[PDB]
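Engineer: Sending over a structure as structure tokens; questions will come in a sec.
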Amino acid sequence: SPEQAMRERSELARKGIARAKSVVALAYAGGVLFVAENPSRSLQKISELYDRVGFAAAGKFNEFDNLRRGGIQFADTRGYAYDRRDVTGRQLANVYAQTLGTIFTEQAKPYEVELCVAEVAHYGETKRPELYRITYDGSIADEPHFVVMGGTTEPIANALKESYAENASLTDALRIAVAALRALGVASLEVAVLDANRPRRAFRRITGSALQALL
Amino acid sequence: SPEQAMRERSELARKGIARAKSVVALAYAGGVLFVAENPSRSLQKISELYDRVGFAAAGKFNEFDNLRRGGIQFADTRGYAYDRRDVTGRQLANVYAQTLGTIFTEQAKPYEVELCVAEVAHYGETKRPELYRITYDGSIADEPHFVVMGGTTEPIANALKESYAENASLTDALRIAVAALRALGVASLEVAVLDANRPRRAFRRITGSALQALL
Amino acid sequence: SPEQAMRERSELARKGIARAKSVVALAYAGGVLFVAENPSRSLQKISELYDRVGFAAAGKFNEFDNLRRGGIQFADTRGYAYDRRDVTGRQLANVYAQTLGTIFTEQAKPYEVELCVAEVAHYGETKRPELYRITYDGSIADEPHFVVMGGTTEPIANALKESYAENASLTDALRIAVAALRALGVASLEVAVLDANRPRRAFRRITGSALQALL
Amino acid sequence: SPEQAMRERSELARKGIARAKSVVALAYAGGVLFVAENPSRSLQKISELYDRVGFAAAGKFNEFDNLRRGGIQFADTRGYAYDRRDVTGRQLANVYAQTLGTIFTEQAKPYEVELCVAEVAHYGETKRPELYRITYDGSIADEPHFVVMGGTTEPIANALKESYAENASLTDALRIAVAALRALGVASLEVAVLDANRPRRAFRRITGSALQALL
Amino acid sequence: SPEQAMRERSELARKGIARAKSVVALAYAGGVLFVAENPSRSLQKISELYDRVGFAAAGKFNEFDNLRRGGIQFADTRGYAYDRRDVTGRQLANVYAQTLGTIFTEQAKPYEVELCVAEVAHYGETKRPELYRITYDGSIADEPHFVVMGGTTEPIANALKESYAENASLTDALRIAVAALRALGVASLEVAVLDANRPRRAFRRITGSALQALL
Amino acid sequence: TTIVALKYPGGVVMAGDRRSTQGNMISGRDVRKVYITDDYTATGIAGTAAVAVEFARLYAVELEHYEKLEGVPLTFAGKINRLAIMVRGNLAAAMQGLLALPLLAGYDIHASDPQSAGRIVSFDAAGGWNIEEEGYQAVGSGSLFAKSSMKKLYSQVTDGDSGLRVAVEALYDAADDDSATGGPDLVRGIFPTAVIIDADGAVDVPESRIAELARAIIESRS
Amino acid sequence: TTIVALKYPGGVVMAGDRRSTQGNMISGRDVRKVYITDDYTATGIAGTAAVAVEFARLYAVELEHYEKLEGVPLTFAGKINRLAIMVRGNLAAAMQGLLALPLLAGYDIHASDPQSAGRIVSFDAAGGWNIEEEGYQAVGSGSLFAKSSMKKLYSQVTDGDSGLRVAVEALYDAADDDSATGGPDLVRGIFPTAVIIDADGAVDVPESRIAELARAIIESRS
Amino acid sequence: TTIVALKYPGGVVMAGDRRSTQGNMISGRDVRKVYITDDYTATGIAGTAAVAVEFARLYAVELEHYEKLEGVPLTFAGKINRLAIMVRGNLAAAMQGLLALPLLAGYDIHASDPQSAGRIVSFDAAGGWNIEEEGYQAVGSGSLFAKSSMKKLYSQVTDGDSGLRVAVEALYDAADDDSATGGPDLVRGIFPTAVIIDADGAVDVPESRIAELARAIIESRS
Amino acid sequence: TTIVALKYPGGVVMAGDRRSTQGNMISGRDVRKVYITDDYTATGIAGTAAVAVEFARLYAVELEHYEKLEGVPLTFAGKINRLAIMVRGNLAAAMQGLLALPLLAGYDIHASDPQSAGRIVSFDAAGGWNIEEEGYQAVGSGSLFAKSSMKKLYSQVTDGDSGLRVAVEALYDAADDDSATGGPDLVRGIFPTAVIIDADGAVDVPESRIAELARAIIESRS
């Protein structure tokens, strides 16, 4: 019975997502902020896909690391084939949707992952940041303000809705993100920004003493 | 059992298309009008296949985006191999029917999509726009007046049947389609036209202040 | 059913690892110390992957020996393609995680192994040694202090937690490691070190009269 | 259930070994002695792999004959590619472990074979002979004194344990092996030696009048 | 279950061989004699493999004819690759054992065949004829005196054991074989000889008037 | 063959001659060598006529295909890269004789300043591309004569009409010095083709305007 | 074409001319041949212009691709090896006619001495590389004249300003003895492009400073 | 180079010189060209030294591989066929200069008559082989002189010692008439290598016996 | 280029020059051509510099790869075979100008007599190898002069320092007779590189000791 097979496959992927650390991506005045509860300093859940395109993921590390490498390969190949400015976050989101749908339907075990692709404007251009969420089955959604992935996302989402404010500063937005995650310290936090003020590469990791001085 | 397996596969696809937003394609005096309920400005259910051939779809986005790319590739290759005026809506509808039939009977899960292919006459020619409706299993139908896809189609189909006007202007046709979908503002509404009065490329997106003024 | 099948594979692999000898990999002042109870003098659970990268494993010998050979091939190819100092323990741990996840999901029998990849700093550099534990399903974790694999790892983990001394000497670390492992003698014991004070290749086997003197 | 598949596969292979003739390999002053119960002078269970490497097997003849041919091919390729003295019994035993593990897991029916690879020291050198036992599932063990094969090995192994003499003469070792095997004349006996005193090729078959005088 | 599958497969093969005509291959003073009860004068159960090697089979004709053609091809290729005197009966028997083992384990239906490979000495050499019996599952055995295949072989084997005579004449051996094979007429008999007195090709058919006189 | 392109304040103009010759023999007299690739770029290909037509069709198909697939057209740099890839993929045919030199005129709508948004891109045989900052370029056999004519006439380019006149005059000079370039045929009434690209898009100049300009030039040269 | 690179206490400077010729005909006057490959390495490729641009783009893409995948940039030896592999892979085309000889200047942030962190790597035709210990290296058709000018001028290099002046003068000498190298165009206002790499990173030298240096050199040699 | 082989009553003997040249320059003085392929066969390969060693190693590996796989050694005709197949499969590479010509000496253990069990097999360029019935054979650059010397000396061969003496004298004559063959070098004490195969197997001749024979021959010709 | 290797009581020494030329132009003055391949083997490649470096890297990677995989290092015969196979595989590209001529020096740690455990292995172009018993060998364009110098100075070799002195003197003679081999640069302070292998392993000789030896040689010949 294919209906029961898909239902239990979806249950497996969703349950795998439920017991994973949460990630929040939000739009602030300077671009996009990623905050994740990541104890390790070596296994990074937030990465740069391309100049103005950033990647966040929740779930099983090897699976979304495979997806991250595939997306980086796609972005670099596309930017070389046509131009760097021709790479948008929407194309990468669509590629992730195709890949995750095919994986969910055909692979022996579905990927218990949940991805967010975030894009900021180019240097000297005005555009609201774009947040795309891609789920295990390949369902793709547009989020105007924030994305919450992994764990019990309802309390974190509710805290964000009660405490989100567009055009916030980096410091304040970080405070809201950490407070919503709690519902941690400089350790067990991985924080990065897509910084729209940079000329070419918007991705910037905020770690260590700078993160504490910003927290 | 084969009959049982095929029937459960069919019910899976039908229930997938049932929980999806509706699209209408109806022929008006200047060509064809596509109206869909689509909150996302980046994920577009209505697209162009070729100069006078337009595309609409309802269901899982990744699946019909893959189908749309396949159709665009087929149309471009065929137009290059013979000529631009040798590409017609009927051939694209037939290739979609073949592809969806093969997907239904062969793929691990069938595509939960319903497609519409619309064609208008070339510039300076009089011909009734052709509407083709294609379902998850590959069944293809010729509709003379309007096509309704996705969601609950019975009430909106009855509303259109009672209220459809032949050779209506764009404003009246848009009003009829929006009221049928209501049975929705500029946001959460994707509207496009195959405009038979254009010289080469008929497809044209009605968005922003233009849709607000026209609506 | 995929969930029942995945659980049964997990039980198979876990039972296989549980009936195996224990391995301890712990960081000390000179680098990383590997101690594994190994009666055979030829079949070795501890080996060198690359200049400053060492390998420990627990479980079925032929499976983790295949993994060890694959890791050595990957490291040598990577070092030739770019440079020797571009090969890190993190990349090898990531490759092992990917490989073990794929084997767990797809192969006829999942690998009944647990791996530790250890790295120490290059010569004339300060850096805490990194220990990565990879499980049978590809789950990868960073352990800052020590790793225990195989058998009943819980009493050994508790003993090592109670008795672990940062920046201990080689002989002290051997004492604590062997004591936690007993919870044996020089024979039926394989001991190796990644020695940070070596010029190029850190790995070095401590067996025989030297091991007895040290133990 | 994968557990049930693996356990009944193990039952199949072990039962196949159980209804098989017994083999004995033991280390003595001149090298290694192989004694097998073989009524056929044509079909051989004892064989030579390489200059100082000999092969013994118990179980279904065609399966371990295929294994023996593969091992001879591997040893010849390895010797030609590097040098004759770069071929060891450990490499051949590891190859057999990988091959038998893959056969046991992946093939339709496992192999009902049990292998022993024996190596003696090169000419003019001193080294204890090495004996490696490989089982049907790929498990490999280093047996320091003797290996016993096929049939019910508990009484034969117990008699060998009670009566084994290190550094015995060829006559003494042959008598001991035959006596332990009983718990046999020139017929129904295949006898060979890895003879450590031969210059290059250590394998030598002991049949006919020489075996009569020796027995 | 692999055990159940193999047991019922063995039942199928044995049932197939039991409902077949019987063949006897027995050694006599001039070489080897093949006698089969076979009404067809067109389809032959006994053939020549090589100069001094002969083939006999019982069971389903298409399967053992495929095996006979494959063995002829192997023998000719081996003789051309090295020499005509390097082809032996044992090599052909080993090839048949490998082929039948693979067929029994892997093919959808096992071959319901029972093969005998017979070899006589070369011209001018006195060597005992060697007979190999290969069963459906790849088991291979040395028969020193005679092989009985197909049908209910117990009475024929008993009669042969009671009435055998080493170094018997051709007429005595033929009469004894026919008498045991009844336990009928000259027609419905296929008789052939591997005649060690021939210079190069030992195989020689005995049919018609010569067979009438010989019996 | 000669195809010239030049920038004027507010856009670009691309003009091309009409003659096709096989050897010394005039085979075609109304060949159209300038193509409106998309709404804001035009391309002119010199060399083999067959390769020219085939490449123009392929390039237009590629640009339209990208726009339809991705929902947004390529940037100007993307279009240049695609054209350069096409040129680099023709080296074997160039050595075989199926050669093509493209020239690309465009209007960057994403350019910050509208009055400098015109672009001219020249490609060499090896596939390299160059954005011209001198304001004009030419390809074909008479490209040298046309370029040296534009070098002297470019000072009087101020708007679209004067730029069109200067392009037609450069084509006239190229035809005057190169027998493979056809001049204005006043007997058959065949004149060079031209495309003007500005902020409103790329439009083909009507044959009447070029006829008037060519007649004025011929009257001046007598 | 000529690209010079030289080390000064605290960094490296790489400069290049602007001319591109097709035989004897000057096609380009403002070609940029020095590329900031990444924040601490610049590369300059002489030979065919198409192959030079393609190599620069492909090499920068490779370096950034590795850094994004592994979360850490390549070591300097790894960058040298990747460039050498590209040079070795281009050998068939180089025999065919698409020759590209690169020159790499970098700052080794992992060096023991920041003042000696400047690195110059020249690549031979076969892909082999060499870290120059002379402190100066030039590639291109005028490279011999530039190298023999720097051999005499290098004692004057004590900081970034003196090093940049010496690089510009070496380019001037190469253009003086070589016709394929473009000298300072005082009429069109086109000057060599320079990149300076130090601890803070690699930065393009503004056109005005190079113009001032070139005018000073020209007036000194008048 | 020169390798001679000759049959004596009760077996075969096979001798080879020690020199390897690269042109007219001597590069090797103690090259071993006669190999004991198995207990009853020796092979000696003339031509390129690298290919000679490669062929000998491959041939021994192949023979031992068959003996281990099938449990019985190849018949002599089988060994000849394998060597001929190797020579035939090296034809294309020998057309480029990696030529190798083998000579096979053996003792057939299946021959009815022990006194005539020695066999000499010569292989020509295209892979054909002949079993020599005249009782002697030679390969290499000095092969013709050695053959013509053995033609005159073969009536003196009655046992292993006289056969060895005649083989050494044939090598001496080949070295006397051909500069690519090394003669007995009394200064360094390097003498031709020899292998004697009889019913007991194939055994290398100790260097002392060959030295004595070479000294006797040199004295006789002095 | 010239690389010399020579055996001395208790080990082996291997020295090489530093000059690299392309045609007649001196392109490199501090090249290193002797590589410590492993703890008891040094390798030195003459010929194309790029191929030499990549062959040294491949050989070191292969030996360490085997040692890591099989837990035990290769025997000396295995190392020789791997190097010979690498040379044979290169043969085809070597015909194309990418020649590499290796010379291998080693200490046989499994040899019965450690005083005679040093090994020198030479390779010809076809991929064959020879273990030199004369005690010295040379590769490179100046290898003939170096060999003929060592033939006259090998009597002096009695220990490691005497062997090193003869090696530097052989290189001095090679550079004295050959313009592609560099003599000791007393002006720049660049001297031949050397590696000494004994029971304790293979160590790079410090530059100061070779400088003293070279200055003593120069004073001797003044």
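Within each chain, counting starts at residue 1; across the structure tokens, chains are named A, B, ... in the order shown, with ligands numbered 1 upward in that order.
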Could you name the residues that touch residue 207 in chain E at 10 Å or less, counting only C-alpha atoms, but leaving out those on the same chain fewer than 2 positions away, as a list in words?
Structural biologist: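 The filter keeps residues 41, 186, 187, 189, 190, 191, 192, 204, 205, 209, 210, 211, 212, 213 and 214 of chain E.
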Engineer: For residue 87 in chain H, work out the shell of residues within 12 Å, counting only C-alpha atoms and skipping chain neighbours fewer than 6 positions away, then give it as a VMD selection string.
Structural biologist: chain H and resid 45 51 to 52 55 to 56 58 to 59 80 to 81 93 to 94 98 to 103 122 to 129
Engineer: Can you tell me which residues surround range 137-151 of chain F at a distance of at most 9 Å, considering only C-alpha atoms, apart from same-chain residues fewer than 3 positions away, and format the answer as an MDAnalysis selection string?
Structural biologist: chainID F and resid 1:6 44:47 101:103 120:122 132 134 154:155 166:167 169:181
Engineer: Any chance you can output those residues with N, CA and C atoms as an mmCIF file, in the first residue's frame?
Structural biologist:
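File produced: selection-v5.cif:
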```cif
data_model
loop_
_atom_site.group_PDB
_atom_site.id
_atom_site.type_symbol
_atom_site.label_atom_id
_atom_site.label_comp_id
_atom_site.auth_asym_id
_atom_site.auth_seq_id
_atom_site.Cartn_x
_atom_site.Cartn_y
_atom_site.Cartn_z
ATOM 1 N N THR F 1 31.879 41.133 -46.424
ATOM 2 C CA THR F 1 31.102 41.416 -45.225
ATOM 3 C C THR F 1 31.750 42.509 -44.388
ATOM 4 N N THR F 2 30.938 43.451 -43.921
ATOM 5 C CA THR F 2 31.377 44.397 -42.903
ATOM 6 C C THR F 2 30.182 44.740 -42.031
ATOM 7 N N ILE F 3 30.334 44.562 -40.725
ATOM 8 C CA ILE F 3 29.328 44.964 -39.752
ATOM 9 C C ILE F 3 29.985 45.941 -38.795
ATOM 10 N N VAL F 4 29.423 47.137 -38.697
ATOM 11 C CA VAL F 4 29.939 48.171 -37.813
ATOM 12 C C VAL F 4 28.953 48.374 -36.676
ATOM 13 N N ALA F 5 29.476 48.829 -35.544
ATOM 14 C CA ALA F 5 28.658 49.185 -34.398
ATOM 15 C C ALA F 5 29.290 50.397 -33.740
ATOM 16 N N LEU F 6 28.457 51.293 -33.224
ATOM 17 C CA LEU F 6 28.992 52.446 -32.519
ATOM 18 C C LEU F 6 27.998 52.937 -31.480
ATOM 19 N N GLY F 44 25.841 40.898 -34.874
ATOM 20 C CA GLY F 44 26.176 40.779 -36.277
ATOM 21 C C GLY F 44 27.363 39.863 -36.454
ATOM 22 N N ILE F 45 27.253 38.874 -37.331
ATOM 23 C CA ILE F 45 28.296 37.872 -37.495
ATOM 24 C C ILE F 45 28.868 37.984 -38.898
ATOM 25 N N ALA F 46 30.181 38.149 -38.979
ATOM 26 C CA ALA F 46 30.913 38.109 -40.232
ATOM 27 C C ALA F 46 31.538 36.733 -40.414
ATOM 28 N N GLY F 47 31.968 36.460 -41.638
ATOM 29 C CA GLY F 47 32.548 35.171 -41.948
ATOM 30 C C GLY F 47 31.666 34.370 -42.879
ATOM 31 N N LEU F 101 32.959 35.441 -36.953
ATOM 32 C CA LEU F 101 33.346 36.479 -36.001
ATOM 33 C C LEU F 101 32.111 37.268 -35.603
ATOM 34 N N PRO F 102 31.631 37.160 -34.370
ATOM 35 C CA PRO F 102 30.494 37.974 -33.947
ATOM 36 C C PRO F 102 30.917 39.319 -33.371
ATOM 37 N N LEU F 103 29.973 40.248 -33.429
ATOM 38 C CA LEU F 103 30.061 41.549 -32.792
ATOM 39 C C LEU F 103 28.732 41.759 -32.091
ATOM 40 N N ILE F 120 29.422 47.715 -26.526
ATOM 41 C CA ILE F 120 29.918 47.041 -27.717
ATOM 42 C C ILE F 120 30.937 46.005 -27.275
ATOM 43 N N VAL F 121 30.764 44.771 -27.737
ATOM 44 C CA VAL F 121 31.631 43.662 -27.373
ATOM 45 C C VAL F 121 32.163 43.031 -28.650
ATOM 46 N N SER F 122 33.481 42.873 -28.712
ATOM 47 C CA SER F 122 34.178 42.303 -29.851
ATOM 48 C C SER F 122 34.836 40.994 -29.441
ATOM 49 N N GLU F 132 34.341 47.380 -25.721
ATOM 50 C CA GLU F 132 35.010 48.521 -26.325
ATOM 51 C C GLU F 132 34.730 49.790 -25.533
ATOM 52 N N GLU F 134 36.352 52.688 -26.842
ATOM 53 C CA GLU F 134 36.569 53.715 -27.850
ATOM 54 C C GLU F 134 35.281 54.154 -28.533
ATOM 55 N N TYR F 154 33.857 59.859 -35.769
ATOM 56 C CA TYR F 154 33.162 59.627 -34.511
ATOM 57 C C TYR F 154 32.948 60.901 -33.707
ATOM 58 N N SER F 155 33.689 61.968 -34.006
ATOM 59 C CA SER F 155 33.530 63.203 -33.250
ATOM 60 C C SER F 155 32.173 63.849 -33.497
ATOM 61 N N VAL F 166 26.864 58.103 -39.440
ATOM 62 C CA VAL F 166 28.277 57.743 -39.382
ATOM 63 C C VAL F 166 28.466 56.251 -39.637
ATOM 64 N N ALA F 167 27.558 55.416 -39.126
ATOM 65 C CA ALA F 167 27.642 53.985 -39.408
ATOM 66 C C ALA F 167 27.468 53.702 -40.897
ATOM 67 N N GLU F 169 28.089 55.740 -43.341
ATOM 68 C CA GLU F 169 29.261 56.249 -44.048
ATOM 69 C C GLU F 169 30.471 55.335 -43.878
ATOM 70 N N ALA F 170 30.642 54.746 -42.693
ATOM 71 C CA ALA F 170 31.712 53.772 -42.501
ATOM 72 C C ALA F 170 31.506 52.551 -43.383
ATOM 73 N N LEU F 171 30.260 52.083 -43.491
ATOM 74 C CA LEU F 171 29.969 50.984 -44.407
ATOM 75 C C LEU F 171 30.263 51.379 -45.846
ATOM 76 N N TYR F 172 29.966 52.630 -46.203
ATOM 77 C CA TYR F 172 30.283 53.113 -47.540
ATOM 78 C C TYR F 172 31.781 53.065 -47.806
ATOM 79 N N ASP F 173 32.590 53.506 -46.843
ATOM 80 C CA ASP F 173 34.040 53.478 -47.028
ATOM 81 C C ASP F 173 34.560 52.048 -47.133
ATOM 82 N N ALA F 174 34.049 51.152 -46.284
ATOM 83 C CA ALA F 174 34.452 49.752 -46.350
ATOM 84 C C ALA F 174 34.127 49.149 -47.708
ATOM 85 N N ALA F 175 32.945 49.457 -48.250
ATOM 86 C CA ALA F 175 32.600 48.981 -49.586
ATOM 87 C C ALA F 175 33.486 49.622 -50.647
ATOM 88 N N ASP F 176 33.849 50.890 -50.450
ATOM 89 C CA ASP F 176 34.699 51.593 -51.400
ATOM 90 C C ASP F 176 36.087 50.977 -51.479
ATOM 91 N N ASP F 177 36.554 50.351 -50.398
ATOM 92 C CA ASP F 177 37.900 49.790 -50.401
ATOM 93 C C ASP F 177 37.950 48.268 -50.463
ATOM 94 N N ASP F 178 36.854 47.574 -50.170
ATOM 95 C CA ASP F 178 36.848 46.117 -50.107
ATOM 96 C C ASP F 178 35.764 45.592 -51.036
ATOM 97 N N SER F 179 36.157 44.761 -52.002
ATOM 98 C CA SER F 179 35.205 44.275 -52.995
ATOM 99 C C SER F 179 34.235 43.249 -52.425
ATOM 100 N N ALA F 180 34.543 42.662 -51.270
ATOM 101 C CA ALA F 180 33.636 41.716 -50.636
ATOM 102 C C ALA F 180 32.508 42.402 -49.881
ATOM 103 N N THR F 181 32.596 43.711 -49.683
ATOM 104 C CA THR F 181 31.532 44.496 -49.075
ATOM 105 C C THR F 181 30.750 45.193 -50.178
#
```
Engineer: So how far away is CA of residue 82 in chain E from CA of residue 120 in chain E, in Å?
Structural biologist: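 Taking CA of residue 120 in chain E and CA of residue 82 in chain E, their separation equals 19.9 Å.
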Engineer: Could you go through range 148-207 of chain B and tell me which residues DSSP, when run on the backbone, assigns to helix (DSSP H, G or I), listing them as a PyMOL selection string?
Structural biologist: chain B and resi 153-163+170-182
Engineer: I'd like the neighbourhood of residue 13 in chain C as a PyMOL selection string, where a residue qualifies if any of its atoms comes within 9 Å (using only C-alpha atoms), though same-chain residues fewer than 5 positions away should be ignored.
Structural biologist: chain C and resi 8+18+104+109-113+136-137
Engineer: Would you output that residue set with C-alpha atoms, as a short mmCIF file (atom, residue, chain, number, x, y, z; two decimals), in the first residue's frame?
Structural biologist:
```cif
data_model
loop_
_atom_site.label_atom_id
_atom_site.label_comp_id
_atom_site.auth_asym_id
_atom_site.auth_seq_id
_atom_site.Cartn_x
_atom_site.Cartn_y
_atom_site.Cartn_z
CA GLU C 8 16.42 -3.90 12.98
CA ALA C 18 28.78 -4.71 21.69
CA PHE C 104 24.03 1.59 6.70
CA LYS C 109 24.30 -5.85 5.93
CA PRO C 110 25.25 -2.67 7.81
CA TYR C 111 28.82 -2.35 9.00
CA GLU C 112 29.25 -3.37 12.64
CA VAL C 113 32.00 -0.85 13.36
CA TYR C 136 27.67 2.56 12.34
CA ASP C 137 24.99 4.80 10.79
#
```
Engineer: Hey, could you make a per-residue contact list for chain E against chain H with 12 Å as the cut-off, showing the nearest pair of atoms and its distance in Å to one decimal, counting only C-alpha atoms, sorted by chain and number, as a tab-separated table?
Structural biologist:
```
residue	atom	partner	partner_atom	distance
E:78	CA	H:78	CA	10.4
E:79	CA	H:78	CA	9.0
E:80	CA	H:81	CA	9.0
E:81	CA	H:81	CA	7.5
E:82	CA	H:78	CA	4.5
E:83	CA	H:78	CA	5.1
E:84	CA	H:78	CA	8.5
E:85	CA	H:75	CA	7.3
E:86	CA	H:75	CA	6.7
E:87	CA	H:74	CA	10.2
E:88	CA	H:70	CA	9.7
E:89	CA	H:70	CA	11.6
E:90	CA	H:70	CA	9.1
E:91	CA	H:70	CA	7.5
E:92	CA	H:70	CA	11.3
E:94	CA	H:70	CA	10.2
E:95	CA	H:70	CA	11.8
E:124	CA	H:112	CA	10.6
E:125	CA	H:110	CA	10.9
```
Engineer: Can I get the selected residues back with C-alpha atoms, as a short mmCIF file (atom, residue, chain, number, x, y, z; two decimals), in the first residue's frame?
Structural biologist:
```cif
data_model
loop_
_atom_site.label_atom_id
_atom_site.label_comp_id
_atom_site.auth_asym_id
_atom_site.auth_seq_id
_atom_site.Cartn_x
_atom_site.Cartn_y
_atom_site.Cartn_z
CA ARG E 78 42.40 -24.67 -23.54
CA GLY E 79 44.01 -27.04 -26.05
CA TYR E 80 44.69 -24.26 -28.53
CA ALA E 81 45.96 -21.86 -25.85
CA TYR E 82 48.54 -24.29 -24.45
CA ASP E 83 48.61 -27.73 -26.14
CA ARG E 84 46.41 -30.73 -26.84
CA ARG E 85 48.14 -32.81 -24.15
CA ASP E 86 47.50 -30.13 -21.50
CA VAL E 87 43.75 -30.83 -21.59
CA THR E 88 42.76 -33.30 -18.88
CA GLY E 89 39.49 -34.74 -17.64
CA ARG E 90 39.96 -33.19 -14.20
CA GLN E 91 40.03 -29.64 -15.58
CA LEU E 92 36.79 -30.23 -17.50
CA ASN E 94 36.23 -28.79 -12.28
CA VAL E 95 34.76 -26.41 -14.87
CA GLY E 124 51.42 -45.63 -25.48
CA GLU E 125 50.80 -44.88 -21.79
#
```
Engineer: Determine, for each residue of chain D having at least one atom at most 9 Å from an atom of chain E, the closest pair of atoms and their separation in Å to one decimal, counting only C-alpha atoms; order by chain and ascending number, as a Markdown table.
Structural biologist:
```
| residue | atom | partner | partner_atom | distance |
| --- | --- | --- | --- | --- |
| D:4 | CA | E:1 | CA | 8.7 |
| D:5 | CA | E:1 | CA | 7.0 |
| D:8 | CA | E:3 | CA | 7.1 |
| D:9 | CA | E:2 | CA | 7.0 |
| D:11 | CA | E:3 | CA | 8.6 |
| D:12 | CA | E:3 | CA | 6.5 |
| D:39 | CA | E:142 | CA | 8.9 |
| D:40 | CA | E:142 | CA | 6.5 |
| D:41 | CA | E:142 | CA | 8.8 |
| D:42 | CA | E:90 | CA | 7.5 |
| D:43 | CA | E:142 | CA | 8.1 |
| D:60 | CA | E:139 | CA | 7.5 |
| D:61 | CA | E:139 | CA | 7.3 |
| D:62 | CA | E:98 | CA | 6.0 |
| D:63 | CA | E:98 | CA | 7.8 |
| D:65 | CA | E:94 | CA | 8.7 |
| D:66 | CA | E:98 | CA | 7.9 |
| D:107 | CA | E:106 | CA | 8.8 |
| D:108 | CA | E:105 | CA | 6.6 |
| D:109 | CA | E:105 | CA | 6.4 |
```
Engineer: Might you pull out every residue within 12 Å of residue 161 in chain E, with only C-alpha atoms counted and same-chain residues fewer than 3 positions away left off, and present them as a list in words?
Structural biologist: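 So, after excluding close chain neighbours, the residues are residues 26, 144, 145, 146, 147, 148, 154, 155, 156, 157, 158, 164, 165, 166, 176, 177 and 180 of chain E.
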Engineer: Could you go through chain C and tell me which residues DSSP, when run on the backbone, assigns to strand (DSSP E or B), listing them as a PyMOL selection string?
Structural biologist: chain C and resi 23-28+31-36+46-50+53-59+113-119+130-134+140-143+146-149+190-195+203-205
Engineer: Within 9 Å of chain F, which residues of chain G are there when counting only C-alpha atoms? Please give them as a ChimeraX atom specification.
Structural biologist: /G:28,30-31,48-51,53-54,98
